[PDB]
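Only one structure is covered here, and it is reproduced in the block below.
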Amino acid sequence: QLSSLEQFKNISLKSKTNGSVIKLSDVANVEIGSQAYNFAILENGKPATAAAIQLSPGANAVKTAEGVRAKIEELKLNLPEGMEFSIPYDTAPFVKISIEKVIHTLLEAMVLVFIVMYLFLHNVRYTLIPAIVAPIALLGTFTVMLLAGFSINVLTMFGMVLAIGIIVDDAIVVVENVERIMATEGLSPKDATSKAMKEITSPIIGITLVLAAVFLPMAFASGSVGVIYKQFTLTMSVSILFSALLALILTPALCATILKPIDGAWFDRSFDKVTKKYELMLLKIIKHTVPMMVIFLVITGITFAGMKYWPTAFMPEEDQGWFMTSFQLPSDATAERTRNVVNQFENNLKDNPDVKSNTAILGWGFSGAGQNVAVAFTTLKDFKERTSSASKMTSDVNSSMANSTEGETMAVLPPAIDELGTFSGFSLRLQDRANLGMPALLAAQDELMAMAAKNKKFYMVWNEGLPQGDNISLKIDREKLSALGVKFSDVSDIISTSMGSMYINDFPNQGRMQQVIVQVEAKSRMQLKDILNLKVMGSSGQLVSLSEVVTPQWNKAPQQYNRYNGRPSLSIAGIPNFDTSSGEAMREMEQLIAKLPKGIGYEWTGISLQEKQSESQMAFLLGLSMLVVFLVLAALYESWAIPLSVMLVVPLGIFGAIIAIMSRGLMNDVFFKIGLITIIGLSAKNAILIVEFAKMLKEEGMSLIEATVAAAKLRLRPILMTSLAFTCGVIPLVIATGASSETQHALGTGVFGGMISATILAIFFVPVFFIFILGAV
Amino acid sequence: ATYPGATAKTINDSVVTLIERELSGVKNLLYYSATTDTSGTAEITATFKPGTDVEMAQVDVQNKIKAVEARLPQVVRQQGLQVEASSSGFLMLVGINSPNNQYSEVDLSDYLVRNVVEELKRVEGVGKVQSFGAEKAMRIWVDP
Amino acid sequence: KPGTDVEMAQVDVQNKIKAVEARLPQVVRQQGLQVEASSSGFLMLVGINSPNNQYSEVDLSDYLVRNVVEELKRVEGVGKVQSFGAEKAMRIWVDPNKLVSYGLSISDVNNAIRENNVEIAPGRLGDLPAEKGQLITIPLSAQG
C-alpha cells in the first residue's frame, strides 16, 4: 500500500494505443484534500471546523455539557501550536440559569409566605409551625419524584413554586384555629390544640381531598400537553397530600408541645375593625340576594366569553440568549454565493449589535443540505449586558437581509420545548391527498404563499425545504451510437465516471487508514460543455465527442422530496405576526388551506399538533375536574346543595384569571391552563372554609343567615391569611424579569388574578351562594 | 438511508416508499415524515406518542425495516440503514479555529475528525457527534 | 407461550438468528431473513375483477400491486398484505435453439441487457470543490 504522494504519483499506467508506460501524475493532479467538501464552518467570519453534539435520547443536558467541557479542557493540552478550541454555541448554560432562577423564585416564595404568616401571627413560633411543613412536604415530593421516575425540571419546579402557597394552607388553618382558641378561651396549648383538631379535622381533610382531586384529571390528558400537566400534577398533588399528612400528624404535636402561653402591633385593632366592616357589608349584601346572583350570572357570562374568545397559544417563547438564521439560496447557487450571503449577514451583525459569537455552517441546514443552504447560530452576548431582545434582534436581521443578498435568510428564535421543533412558531405540512402530483402540490404551495403575503396576522410564512430547480437530462441517441460504432457501456462509463467522484480503497496516512478518492478535476466538470467535450473511441478508430451522441434538455423538477404520513407533502413553516397568538395563526392557516385546490390536505406537526391537542381537550379537563370536585364535595358534606354553593365560586376565580391575562396581554397557553385548575382548587378551598363551618353552625341550631354570617366572620382570618400567603408567594412569578422570565410571567399572572378574585370576590359571594342554594331547597 | 450520488427522486421512489410501507402500524406511532435531499440521503423520522418507551419503539422500527431490507437497492443495503433514536437541535457545537493561520481549514477538520470527534463521542451523555468537516484523503483529480 | 410479550420474544428471535446470519449461503443473506410476528388466517381478501374483460388478469394484478397494495398496507391495523398477483415486468423469452444457432448463451443475452440498459449515476455539475469562479450548479442526469 502506498503512503505518500511520491508513491501515488509514480503509479504506472499502461498507455492504451501507443505503448508508453506513463505515471499517474501524467493524467491526474494527485493531492491530499478532504474526503468530501460538503460542509464548511465560519466561526466569527474566519474559516474553521466544528462538531455538533446531539444529546443522547433522554440524557441530561447539564451533565453532558459538563462532560464535554471537561473533555475539551483535557484535549486542549495536546493541541499543536496554532489550534484553539472553542464552544461558539452552548445551550446548557441556559438550562443551568433557568433551573437556578426557578429555585431562586421558589426560595423567594418561601420567604414571602413566611413573612405573611409572621405578619398574621406576630410570633416566630406560631409562624414556624406551618413554615416547617413546606420543606418536609417538598422533600417527600422529591422522594416520590425519584420513586416514580421523574426529574427536576422547570415544570416540576414551577409546580413546587405554585405549591408553596398551597402546601402551607392546612398548617395555616390549624395554627390559626389554635391561636384563635388560645386568644378567645385562654385554654392551655395542649387541650386547645385538641379542640381545634376536633373542630377542623374534617375541614382540613376536605380541603386536601379537593385540592388533590382537582389536579388528577389534567395528568390524564394525552400528548405533550399531558406530559406537561403530569409534572404539575405529581408535584402539587403529592405536595398537598404530604402537607395534609403533616397538618394532621406533625403540626398537632408542635402546637401541643411548643406553643407558649398567650402573653404579648396596630394590626390587631385595625384588622378587627376591618372584620366588623366586612361583616356589616356582608349583611348589606345578603340583603340584596337576587341582585348579587344577577351580578354573578353577569360575571359568569363575561368569564365564559373571555375563555372562549381570548387568543390561545401553547408555550411562551423565551429569549434563550441565541437564535438561528437559515439561508436558503435558490437552486443553481454555488458555495461561493452562499459564502457571500453568509459573509454579508456575518458582517451585518459583526460590530453593530452586541452578540457573543456568530457561527455559520455552510452546506448544512435543518430540512435539507446542499450548496445553497446554510445555517448560522448567532449567540447573543448575554442577558445582563443586553440592549435589544432576541425577538427585537431577529426582526432587525430579517429586515436587514431581505433586501440586500439574494436568498431567503430568516433569523428565527429557538423553540419553546427542546426537541419539538427547531424554531419558534407553527409548522404545517401541506399534503397531497388525491395524487395530484408534485407540480400541482407546488403550485398550491406557492398560491398559499401568495395568500399568506397579504395577511396581517402573518409575517413570513416561508417554505422550510429546498426549492424546485433546473436539471440537465441527457438523451442518448442509440442509433447514432450503432452507426458510429461505439459501445453504449463506454458512453455510460464515461458519463458516470466523469461526474461521480468515486472512492477506491484506503492507504496508511500517518498511522491511520484514509480513503483514496478519484474524481474528474474541478475545471473539467463545472459547465455543461465540459461534459459534452468528453470523447469516446468509435469504430473507425477516431474519437467522437459526447456532444454528437447526446442531447441535453432542461427540466424543472423539485430537488427535495418530502413525505408525511405516507403522502407527498411540503413543510410550510410560519411564525405568527406581532399581537397575534399561535392559536389564531393556526386557525387562520386552516381557513387559507380551505381556500386551496381540492385534494390538498394539511396537517399540523410538532408544536402545532401539540397545541391543537391542548385546545381540543381543555374543555374535558375542566369538565371532568369540576365534576370530580363536585362529587368529592357531595361525598364530604352529604348534600347536593353545598357542593353547588362551592362550585358557584369557580367562575369568579376564572374571572380574575381572565381579567389578569387580558390586562397583561398574555395568551391562553398551557401555563394559564395550569393556573386555571390551580385557581379552581384554591377557589374551592376558600369556599369550603366558609361552607363547612356554616353548615356546622346551622346543624347546631343557629339560623341559616346568622350561621352563614358568623362562619364567614370567623373564617375570614384563615381565608385571608392563606389567600395572601399564596398570592405573595406567587408574586415572585409575576414580577420576575431575568432570563426565562416569560414562562414565570405566563404561569403566575393567571393564578395571581384568580386568587385575587377568589378571595375578594369569594368572601362576599360564597355566603350569598350558600344562603340562596339552601333557601331554594 | 444513504444511496450515494442518486438524486432525490430515486431515493423517494426506490427507497423511502419501501420503508414507509412498513412504518405504518408500528406501536404508538404519532406521525411520520420522510425527507430526501440532493445529497443522496433520505431521513425517515417516525415520531411516536409522547412518553412511549423510545427503546422498544426503536426496536419496533428495526423489526419493520428488517422486512424491507432485502428489497432496497444493493448500494443502499451495503451502505447500511442507520436507525437511531434521534434529536432535532444540537446541544452544543464544539469547534477548532486557527487564529495564527498556521493550519488551513482542511487541517483543522482532519485533526478534529482524527483526534477529537472520537473522544467527544466517548463522553457519557453524547448521543451523536456530527462532524462538519471531513477527514483527510488522497484525492486524484484526473484530467479527462 | 400464550400471553408472552410478542415484541420482546420477536427481539429474542432476532438476536438468536443474528448469531446465524453469517453462515447462511450468500444468496440467503443478500435476500434477507424476514422475521415478523405473524398470523395464520387472512382477516379479509380484497380483490379486483374485470367484468367487461377490458383488462386481462395480468393488468389487474399489476394495478393491484402498483396502486392498491401499498395504500392497503398504509392502513392502520394491517400487518401484512400478500399480493396473489405479480407486478408487470419485461420478460425476455429466449429460444435456446436460436441462441445456439448464432453461437450465443443466455449469459450473453444477460450481458447484452445489462450493458445496453444501465443506470448511469447522475452526478452534479459544479459540485464541490468548485472552481474559484463558478455561479451556477445544475444537477446533471443521464439516460441509459
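Bear in mind these aren't lab numbers, they're just calculated from the coordinates by the rules spelled out. Don't worry about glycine lacking a Cβ; one is built from the backbone with ideal geometry, like all the others, and counts go over all protein chains shown.
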| query | With a ≥ b ≥ c the root eigenvalues of the C-alpha gyration tensor of the stretch A:660-777, is it rounded (a/c under 1.5), prolate (a/b larger than b/c) or oblate? | reply | prolate
| said: Taking the number of other C-beta atoms within 10 Å as the exposure measure, put A:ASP351, A:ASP90 in order starting with the fewest. | reply: A:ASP351, A:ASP90
| message | Below 10 angstrom from the Cβ of A:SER741, what's the summed charge of the other residues (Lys, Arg +1; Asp, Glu -1)? | response | -2
| said: I need the phi-derived Karplus couplings for the stretch B:62-76: 6.51 cos²θ - 1.76 cosθ + 1.60, θ = phi - 60°, integer Hz, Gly and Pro marked x. | reply: 4, 4, 5, 6, 4, 6, 9, 8, 9, 9, 5, x, 4, 4, 4
| note | Per residue of A:483-490, other chain Cβ atoms within 10 Å number on average 2
| What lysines could a cross-link reach from A:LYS350, if we take a straight Cα to Cα line under 29 Å and drop same-chain neighbours fewer than 8 places away? | A:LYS46, A:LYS76, A:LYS96, A:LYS381, A:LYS384, A:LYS392, C:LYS132
| note | Expressed in nanometres to one decimal, the distance between label points 7 Å along Cα→Cβ at A:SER12 and C:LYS80 is 5.7 nm
| said: Please rank A:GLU318, C:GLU21, A:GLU584, fewest neighbouring Cβ atoms within 10 Å first, as an exposure proxy. | reply: C:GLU21, A:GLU584, A:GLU318
| Packing-wise, with mean Cβ within 10 Å as the measure, how do A:147-156, A:44-53 rank, highest first? | A:44-53, A:147-156
| note | Protection proxy (average C-beta count within 10 Å per residue), highest first, orders C:37-43, A:649-655 as A:649-655, C:37-43
| task | Taking the Cβ of A:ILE476 as the centre, find all other residues whose Cβ is under 14 Å away and add up their charges (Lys, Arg: +1; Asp, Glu: -1). | result | -3
| field | Computed FRET value (nearest 0.05) for C:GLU36 with A:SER222, which takes r as the C-beta separation and R₀ as 41 Å | value | 0.90
| request: Return the long-range amide H neighbours of A:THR378 (sequence gap of 5 or more, or a different chain), with a cut-off of under 5 Å between placed amide H atoms. | output: A:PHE323, A:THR325, A:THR359
| Which order results if A:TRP462, A:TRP364, A:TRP554 are arranged by neighbouring Cβ count within 10 Å, fewest first? | A:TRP554, A:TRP462, A:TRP364
| Mind listing the phi-derived Karplus ³J(HN,Hα) values for the stretch A:268-278, rounded to whole Hz, using 6.51, -1.76 and 1.60 with θ = phi - 60°, and x for any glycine or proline? | 3, 7, 5, 5, 5, 5, 5, 4, 5, 4, 5
| query | Per-residue mean of other chain beta-carbon atoms within 10 angstrom of the beta-carbon, peptide A:495-506? | reply | 6
| note | Summing -39500 (n - 2.57) over every DSSP H run of at least 4 residues in chain B and dividing by its residue count gives a helix-only mean residue ellipticity at 222 nm, to the nearest 500 deg cm²/dmol, of -8000 deg cm²/dmol
| task | Quantify how strongly other chains surround peptide C:66-74 by giving the mean number of their Cβ atoms within 10 Å of each of its Cβ atoms. | result | 3
| request: Assuming a ≥ b ≥ c are the square roots of the Cα gyration tensor eigenvalues, decide whether chain B counts as rounded (a/c under 1.5), prolate (otherwise, with a/b larger than b/c) or oblate. | output: oblate
| task | Would you kindly calculate the mean projected area, averaged across all directions, of the convex hull enclosing the Cα atoms of the protein assembly as shown, in square nanometres? | result | 56.1 nm²
| task | Convert each backbone phi in the stretch A:739-753 into a coupling constant with the Karplus relation 6.51 cos²θ - 1.76 cosθ + 1.60 (shift: θ = phi - 60°), then list the ³J(HN,Hα) values in order as whole Hz, x for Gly and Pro. | result | 7, 6, 8, 6, 4, 5, 4, 5, 7, x, 4, x, 5, 5, x
| said: Helix-only mean residue ellipticity at 222 nm, chain A, DSSP H runs n ≥ 4 weighted -39,500 (n - 2.57), per residue, nearest 500. What is it? | reply: -18500 deg cm²/dmol
| request: With a point put 7 Å past each Cα toward its Cβ, work out how far A:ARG180 is from C:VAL13 in nm, to one decimal. | output: 7.0 nm
